[PDB]
Amino acid sequence: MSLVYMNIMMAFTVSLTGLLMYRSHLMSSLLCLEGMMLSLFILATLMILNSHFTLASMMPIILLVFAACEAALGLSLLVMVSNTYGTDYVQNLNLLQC
Amino acid sequence: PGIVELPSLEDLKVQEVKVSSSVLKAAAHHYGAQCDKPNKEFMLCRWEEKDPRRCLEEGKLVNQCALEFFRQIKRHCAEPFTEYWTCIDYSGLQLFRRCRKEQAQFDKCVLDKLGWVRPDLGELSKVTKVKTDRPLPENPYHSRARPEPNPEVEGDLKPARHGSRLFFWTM
Amino acid sequence: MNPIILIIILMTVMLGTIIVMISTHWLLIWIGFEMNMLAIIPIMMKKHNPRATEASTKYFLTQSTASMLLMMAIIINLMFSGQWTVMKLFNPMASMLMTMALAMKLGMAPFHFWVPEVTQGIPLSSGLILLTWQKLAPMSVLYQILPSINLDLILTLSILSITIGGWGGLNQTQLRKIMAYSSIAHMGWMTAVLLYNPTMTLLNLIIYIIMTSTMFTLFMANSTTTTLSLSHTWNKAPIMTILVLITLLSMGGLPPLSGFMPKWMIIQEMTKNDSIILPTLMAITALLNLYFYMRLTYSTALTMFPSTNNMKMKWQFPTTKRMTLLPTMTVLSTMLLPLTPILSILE
Amino acid sequence: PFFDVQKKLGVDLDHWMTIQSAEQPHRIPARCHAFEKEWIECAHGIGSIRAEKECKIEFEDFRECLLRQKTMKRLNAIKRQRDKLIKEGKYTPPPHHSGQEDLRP
Amino acid sequence: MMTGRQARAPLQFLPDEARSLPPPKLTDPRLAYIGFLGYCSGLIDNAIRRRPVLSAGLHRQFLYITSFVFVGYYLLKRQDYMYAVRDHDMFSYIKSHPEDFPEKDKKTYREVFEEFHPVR
Amino acid sequence: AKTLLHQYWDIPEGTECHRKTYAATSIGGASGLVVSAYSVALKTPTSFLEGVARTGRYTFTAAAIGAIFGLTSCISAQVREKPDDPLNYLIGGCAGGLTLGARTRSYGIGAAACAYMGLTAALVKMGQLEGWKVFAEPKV
Amino acid sequence: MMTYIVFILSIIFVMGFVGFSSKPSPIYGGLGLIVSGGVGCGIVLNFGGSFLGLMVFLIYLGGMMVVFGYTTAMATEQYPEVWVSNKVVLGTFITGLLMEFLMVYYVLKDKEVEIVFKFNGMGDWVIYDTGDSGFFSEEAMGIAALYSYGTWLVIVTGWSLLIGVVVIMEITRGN
Amino acid sequence: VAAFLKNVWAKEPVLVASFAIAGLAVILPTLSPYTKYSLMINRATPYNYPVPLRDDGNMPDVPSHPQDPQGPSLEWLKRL
Amino acid sequence: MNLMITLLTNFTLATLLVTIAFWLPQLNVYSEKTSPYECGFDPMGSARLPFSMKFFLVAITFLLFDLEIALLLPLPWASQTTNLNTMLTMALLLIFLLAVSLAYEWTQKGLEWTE
Ligand SMILES: CCCCCCCCCCCCCCCCCC(=O)OC[C@H](COP(=O)([O-])OC[C@H](O)COP(=O)([O-])OC[C@H](COC(=O)CCCCCCCCCCCCCCCCC)OC(=O)CCCCCCCCCCCCCCCCC)OC(=O)CCCCCCCCCCCCCCCCC
């Protein structure tokens with residue numbers, strides 16, 4: 001297939017491995033979920049604008065909506081981690097190991 | 001697969017309408033009135049054949065009928081039309097609303113010297129019927145035999161033979 | 001929580017599962033999963049302690065990663081098929097990514113690393129919601145894409161889930177982690193029979209949901225979250241020890257109980273397809289699940305662990321709890337095996 | 001559990017964004033409308049197992065409409081052979097592939 | 001297996017052709033076992049709330065029995081329908097494909113040679 | 001590494017011992033790399049040197065198991081002249097189990113791995129003979 | 001090399017993704033994600049989606065301003081890692097960049113490449129439509145159809161945003 | 001209802017104006033005779049090409065020319 | 001093309017007003033003038049301490065309300081449709097759902113700041 005899908009899928013995989021390998025800091029990986037949403041947006045939108053399947057043009061908007069509709073969720077779940085502990089480090093969330 | 005079959009370069013040579021887009025847009029309503037029939041035969045052939053290679057000859061009729069539209073403007077009303085497409089040609093979006101006095105002069109000179117009525121608001125968007133002698137294409141998608149569907153269910157539904165037959169359940 | 005808000009949030013969890021179940025479009029599947037996760041996060045944080053916040057963070061990260069992989073599988077299907085219908089997938093890469101996404105959403109091994117954590121962190125009612133109602137939407141999507149599921153992938157996920165969920169519960173004294181590794185092993189049983197006969201997948205799902213809802217309703221009715229607090233039940237309500245006895249012996253796959261019903265039928269559908277080694281290893285590995293079930297029956301019903309003095313006060317107070325459908329679910333989880341050919345209604 | 005509520009109740013919740021050949025706003029066609037219409041009218045009702053092998057040709061034409069892989073591979077071959085013949089000097093491009101050609105309309 | 005059968009008529013618990021089948025009797029032993037499950041649910045319900053198990057709540061035990069018999073009647077109707085569909089599709093597929101199901105010629109045991117394995 | 005097991009099994013038994021030993025060595029090395037990857041994943045090594053030490057230790061352990069398995073199996077198929085015979089892989093699996101015991105530096109793990117890996121390799125040979133399917137394709 | 005403009009913007013997209021995916025600090029993570037979401041509205045704007053690129057630019061600008069406020073309020077350390085302070089950040093940053101320009105080099109020299117899928121190496125101008133859409137941009141018509149055709153999608157999206165507000169106010173309570 | 005309305009107009013008048021404008025925007029398009037003409041203008045705006053019909057022989061309502069009397073007209077939009 | 005030329009010109013003579021702002025005057029660097037500013041006295045602690053956000057619930061709800069102007073924004077184009085009462089109903093449904101959201105955030109004191 002076309003050349004740009006290589007790099008947009010590459011950016012998805014880069015953001016995937018960035019999300020899936022934590023650096024002990026939860027906000028730095030909540031950016032990686034938002035980057036995966038960006039890469040899925042641009043990939044789906046290139047496919048939809050390419051093929052002129054115009055009725056799915058409303059699809060990435062909807063996709064983008066649920067992007068922040070979980071990203072806000074993560075931030076609402078970031079502040080409860082950072083109120084229990086002074087930092088949002090992910091290694092403070094190990095109480096459920098026993 | 002197969003060789004794609006394209007027409008030759010001599011098959012595509014026709015006397016083009018070598019005028020600009022403002023010249024076309026200025027004469028557009030009278031073109032839609034007077035050059036109705038070969039244009040609609042062509043667009044009917046174009047949506048029915050779904051292939052431009054089977055639409056060249058009718059298309060040439062379009063390129064035959066447009067030029068005779070303009071020569072009949074050029075023989076009679078060349079100067080009011082020239083002023084009118086110049087005034088249309090000035091604008092960026094090419095507004096009809098900025099050029100109503102040259103439009104009135106052009107429509108008056110055309111209606112006097114040639115007897116053409118300008119189409120009103122709503123007429124050129126009508127769906128019209130076209131009388132052609134070319135055959136209706138029986139397979140414009142170049143499709144093939146659709147596969148045979150699975151056989152339906154028929155017959156009265158009898159009870160299950162000896163129940164469920166699940167290892168020992170006798171019902 | 002304000003009970004109007006609790007009603008609206010639980011109806012939104014149900015709405016997300018229904019939107020996954022009824023929709024023919026992939027974007028609506030993804031919307032249903034997003035709505036399901038988004039609404040179930042405050043059910044986990046109903047109590048506002050650090051363990052519920054940790055469980056909700058781990059659950060959000062796992063389910064968000066799974067939904068990313070799901071939408072990437074959807075977009076690759078859009079490329080290689082030009083359409084959005086919820087049916088088989090037209091690319092093995094999208095098939096793998098969607099199978100990984102649904103295996104993460106089920107908590108099947110080796111993506112199982114959140115189910116004991118999240119199940120221990122949250123209450124017993126929200127743990128019941130997690131282990132039963134959240135196992136309905138990915139099993140819908142797995143029921144719908146089985147012409148494209150890789151055989152080796154779903155069988156590796158299935159037997160790896162059965163083995164890891166067997167070994168995990170042996171080292172547990174917390175009841176919620178026991179039910180979570182039990183969940184892992186049972187989802188392995190359900191997905192192993194998925195490509196052979198998905199009616200048996202639905203049968204195992206329904207019998208599992210009945211038995212798990214019975215066990216969580218018994219835990220809530222006794223207010224027990226550890227093994228050693230479940231062991232005081234003989235001194236307080238001795239009928240509950242009988243009910244956890246019959247339900248835990250049912251969950252181990254022992255005849256003549258209904259939890260023997262799915263397992264046997266799964267074996268009954270895997271030997272038809274000339275697979276003899278795999279359901280044999282699955283059956284033998286289910287003895288580990290049976291072993292920690294038998295450990296709980298030893299601590300609760302078959303012996304009498306020593307109680308405390310303050311139990312004498314709880315003799316004077318009956319249960320005012322809504323033990324909703326507990327006798328119905330206890331009868332259905334134990335005495336349903338003579339009605340085994342009822343599974344044909346799931347065809 | 002495909003509880004087909006949309007066909008039971010007769011409602012159209014999401015059948016409209018399902019395929020490219022559906023009813024589009026202002027009758028806009030997709031670039032692969034004919035290929036997808038041929039593939040769907042081939043594979044309708046015959047089930048997926050017969051559709052994966054009896055409608056393989058229409059689905060190959062439709063997939064090669066979508067991603068244009070054979071077309072871009074053929075253009076790779078044509079452009080690479082053209083660049084090789086330019087590099088060897090054994091071919092010169094015509095004037096209508098350089099600009100000075102007094103284009104059609 | 002039979003998922004493509006119930007796709008032209010979706011979400012029908014009992015279709016119209018299910019009325020061409022004999023319904024279960026009200027003295028069906030499967031239905032009597034489901035009623036016994038209702039009675040056992042009533043007994044467990046009186047047991048866990050520490051009521052007298054046989055004497056308390058006869059209206060409640062009777063609605064347990066009535067509700068299980070009522071649900072189980074339609075469950076047995078759908079069960080018998082799906083097995084009748086299974087047999088109907090089996091027989092129609094055997095009839096529509098004779099080349100896949102040849103008529104076997106059962107040889108008698110005077111021509112069938114079996115190797116004798118002596119137990120000594 | 002679907003092709004690793006294929007290039008192990010595409011060779012007749014008791015014919016070319018070095019290539020069988022190398023193929024089983026590579027199968028063991030891939031298994032040891034998988035175990036090493038999950039081992040440095042779930043249990044954090046204290047340093048990068050300790051991580052590559054655990055990786056090399058598990059990889060050389062499983063590769064030595066594979067090497068001695070393939071060597072013992074093909075040498076037994078040569079000296080016994082019975083290539084389609086599960087007793088060859090029983091002896092090879094016990095040799096691999098003694099290898100695993102010598103790598104874990106204990107006799108009881110060696111005897112237990114001898115018994116169970118010999119039975120496992122015997123069952124693998126019987127599955128190659130009668131065509132047993134563990135990941136069986138759905139037929140009905 | 002101007003026909004490769006969508007490819008060049010896509011290289012800058014992957015460079016921004018390696019920038020914030022190495023996770024230096026969410027200040028510079030927000031920087032890299034703004035750079036990627038700002039060249040990604042130049043990738044997709046050259047396909048005809050001028051509405052649908054400006055929105056992923058604008059929504060993510062609001063998003064990274066919010067994320068900035070939180071990483072200055074919650075995710076803050078005394079010495080934030082810029083791009084090069086940690087060896088594990090700089091190592092995987094250089095690794096992602098070298099592997100990205102490696103698959104640039106293998107796709108411009110060979111004009112084909114294969115990582116899991118097969119990809120062309122010609123400029124992606126080749127796949128555009130040779131026609132015109134008239135007096136409507138078709139992506140604007142399709143997003144306008146969210147109100148006429150997308151009624152169920154409106155209902156589930158508006159309900160999800162409503163319960164998103166309700167869910168977030170139920171989480172961020174503490175008691 | 002009038003005393004509460006005066007109270008909320010005295011305390012929160014921005015919200016009173018908000019609910020008034022919102023209530024008008026809800027109820028008033030259902031009470032206007034011109035909402036029909038919105039739809040009639042929008043479906044008489046010719047974006048696409050009016051693809052002609054093959055004359056089978058029996059279509060009395062379809063014209064053969066745009067200046068023919070039969071067919072859909074837009075005199076209602078010219079007058080209004 | 002012209003857009004990238006214009007942005008290149010703007011960025012170029014915004015960065016060439018900086019390179020002649022640093023390199024043109026005479027520099028006198030000593031390690032007290034480049035110190036941070038705390039009204040003359042030395043700053044107590046770093047400014048990289050967590051500065052706690054009081055408006056955090058409003059900041060998260062801004063992420064949700066900013067999506068609404070990705071949904072309410074096609075209304076000038078949605079008004080051009082030929083299924084127009086349905087469009088009007090869905091538009092008023094989206095603004096009404098935004099308003100119900102804002103009312104819920106009001107009455108549960110989500111718009112107020114903490115402390
Ligand atoms: C004028 C118009 C009106 C006229 C009315 C005339 C009639 C008036 C009465 C109507 C009401 C029905 C009365 C019963 C009808 C006959 C049913 C019968 O005996 O079937 C024999 C049935 C098959 O025998 P058969 O020699 O092939 O055929 C004789 C009939 O013609 C069999 O005929 P079939 O071919 O039609 O039978 C169908 C099929 C035939 O059976 C089969 O295809 C074989 C497979 C059956 C299921 C096997 C499951 C095995 C694994 C689970 C085992 C669970 C534990 C075992 C029990 C432990 C105790 C709880 O049965 C089933 O599919 C149903 C499942 C079995 C339920 C039987 C009905 C029980 C009702 C009362 C429940 C009381 C508790 C019963 C025990 C609970 C467990 C069932 O026997 C068994 O399966 C063995 C178990 C014994 C059956 C139940 C005995 C009923 C009377 C119990 C009185 C004492 C209760 C003491 C308290 C409760 C226990 C603690």
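To be clear, the structure that these remarks concern was listed above.
On to the interface of chain D and chain C. If you look at the interface, chain D gives 22 residues, while chain C gives 22 residues. Carbon and sulfur atoms supply 63% of the area buried between chain D and chain C, which totals about 1,900 Å² over both sides. When residues of chain D are sorted by the area they lose upon contact with chain C, D:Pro1, D:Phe2 and D:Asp14 head the list and together hold 31% of the total. The salt bridge involving D:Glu52 is made with C:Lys88; its shortest N-O contact spans 3.1 Å. At the surface where chain D touches chain C, the tally comes to nine residue pairs in polar contact. Listed by contribution, the elements that provide at least two residues to the side of chain D that touches chain C are α1 (5-8), α2 (33-42), α3 (47-54) and α4 (56-66) of chain D. Residues that form the side of chain D that touches chain C fall into these classes: twelve nonpolar, six polar and four charged.

Taken together, 13 residues lie around the ligand, and B:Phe168, B:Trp169, B:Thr170, E:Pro29 and E:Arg30 are the ones closest in. More than one chain lines the surroundings of the ligand; the residues nearby belong to chains B, C and E. B:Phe168 has a polar backbone atom sitting 3.4 Å from an oxygen atom of the ligand. Interatomic distance of 2.8 Å between a backbone N/O atom of B:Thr170 and an oxygen atom of the ligand. Protein chains bury 35% of the 1,700 Å² of accessible surface belonging to the ligand in isolation. Per-class residue counts for the shell around the ligand are ten nonpolar, two polar and one charged.

The next subject is the packing of aromatic side chains. For the structure on display, the rule yields 36 aromatic pairs over all chains. Relative to B:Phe70, the ring of B:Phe69 lies with its centre 5.3 Å away and its plane at 75 degrees, an arrangement referred to as edge-to-face. Each member of the pair, B:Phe69 as well as B:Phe70, is classed as buried. Linked through ring pairs, B:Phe167, B:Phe168, B:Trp169, C:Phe260 and C:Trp264 together constitute an aromatic cluster. Note that E:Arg78 overlies the ring of E:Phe13, its terminal NZ or CZ placed 5.7 Å from the centroid. One cation-aromatic arrangement involves F:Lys20 over F:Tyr8; the distance from NZ or CZ to the ring centre is 4.9 Å.

Along the chain, C:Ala109 connects to C:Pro110 via a cis peptide bond; the corresponding omega equals 5 degrees. Considering the arrangement of structural elements, one finds C:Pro110 in the loop between α4 (92-106) and α5 (115-121). For the bond from C:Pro255 to C:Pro256, the omega torsion is 5 degrees, close enough to zero to count as cis. Counting through the fold element by element, C:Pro256 comes out in the loop between α12 (238-251) and α13 (260-270). In this structure, C:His48 is a non-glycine residue whose phi angle is positive, near 60 degrees. Inspection of the secondary structure assignment puts C:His48 in the loop between α2 (26-44) and α3 (50-81). Take C:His48: its relative accessible area is 19%, and that puts it in the buried class. One non-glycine residue, D:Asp102, adopts positive backbone phi at about 60 degrees. Here D:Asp102 is to be found in the segment after α5 (69-88).

Ranking the 19 pairs of chains in contact by number of contacts places chains A and G first. Separated without contact, chain E and chain F have their nearest C-alpha atoms at a distance of 9 Å.

On to the interface of chain A and chain G. With 59 residues of chain A at the interface, the matching set in chain G holds 79 residues. Of the roughly 5,600 Å² buried between chain A and chain G, counting both surfaces, carbon and sulfur atoms make up 78%. Considering only the surface of chain A that becomes buried against chain G, A:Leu3, A:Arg23 and A:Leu38 emerge as the three largest contributors, covering 13% of it. One can count one salt bridge joining chain A with chain G. Close ionic contact of G:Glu81 with A:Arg23 constitutes a salt bridge, the shortest N to O distance being 2.7 Å. Between the two partners, chain A and chain G, sit eleven residue pairs in polar contact. Of the residues assigned to the side of chain A that touches chain G, the class counts are 39 nonpolar, 17 polar and three charged.

Glancing now at the pattern of salt bridges. In this structure the tally under the stated criterion is 31 salt bridges over all chains. The residue E:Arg5 makes a salt bridge to E:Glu17 at a minimum N-O spacing of 2.9 Å. Taken as a pair, E:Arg5 in the segment before α1 (29-48) and E:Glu17 in the segment before α1 lie far apart in primary sequence, twelve residues in all. With a shortest N-O distance of 2.9 Å, G:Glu170 and G:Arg173 are connected by a salt bridge. Relative accessible area serves as the criterion here: at 3%, G:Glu170 is assigned to the buried category. Owing to a relative accessible area of 35%, G:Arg173 belongs among the partly exposed residues under this scheme. If you follow the salt bridges from partner to partner, you end up with B:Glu48, B:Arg134 and H:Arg54 in one network.

We now examine a nonpolar patch on the surface. Residue and element names in this part refer to chain G. A contiguous nonpolar patch, built from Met1, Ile8, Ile12, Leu31, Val35, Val82, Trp83, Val84 and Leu108 and spanning about 740 Å² of accessible area, is present on the exposed surface. At the level of secondary structure, the elements contributing two or more residues to the nonpolar patch comprise α1 (5-21) and α2 (26-43). Here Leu31 lies in helix α2.

Scoring rules and cut-offs
- Residues numbered from 1 in each chain as written, not as in the entry; some residues may be left out.
- Chains lettered and ligands numbered in written order.
- Part of a larger assembly, values for the part shown.
- Heavy atoms only, no water.
- Contact = heavy atoms within 4.5 Å.
- Buried area = accessible area lost by both parts, 1.4 Å probe.
- Salt bridge = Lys/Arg side-chain N within 4 Å of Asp/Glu carboxyl O.
- Polar contact = N/O pair within 3.5 Å; in protein donor to acceptor, adjacent residues only side chain to side chain.
- Helix = DSSP H or I, 4+ residues; strand = E, 2+ residues; numbered from the N terminus.
- Nonpolar A, V, L, I, M, F, W, Y, C, P; charged D, E, K, R; others polar.
- Near = heavy atom within 4 Å.
- Areas by Shrake-Rupley, 256 points an atom, 1.4 Å probe, with all protein chains shown as cover.
- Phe/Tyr/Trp six-rings, centres within 6.5 Å; stacked < 30°, edge-to-face > 60°.
- Buried < 20%, exposed > 50% of the residue type's maximum accessible area, 1.4 Å probe, protein only.
- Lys NZ or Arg CZ within 6 Å of the ring centre and 35° of its normal.
- Patch = residues over 30% accessible without salt bridge, like charges linked within 9 Å, V, L, I, M, F, W, Y side chains within 5 Å.

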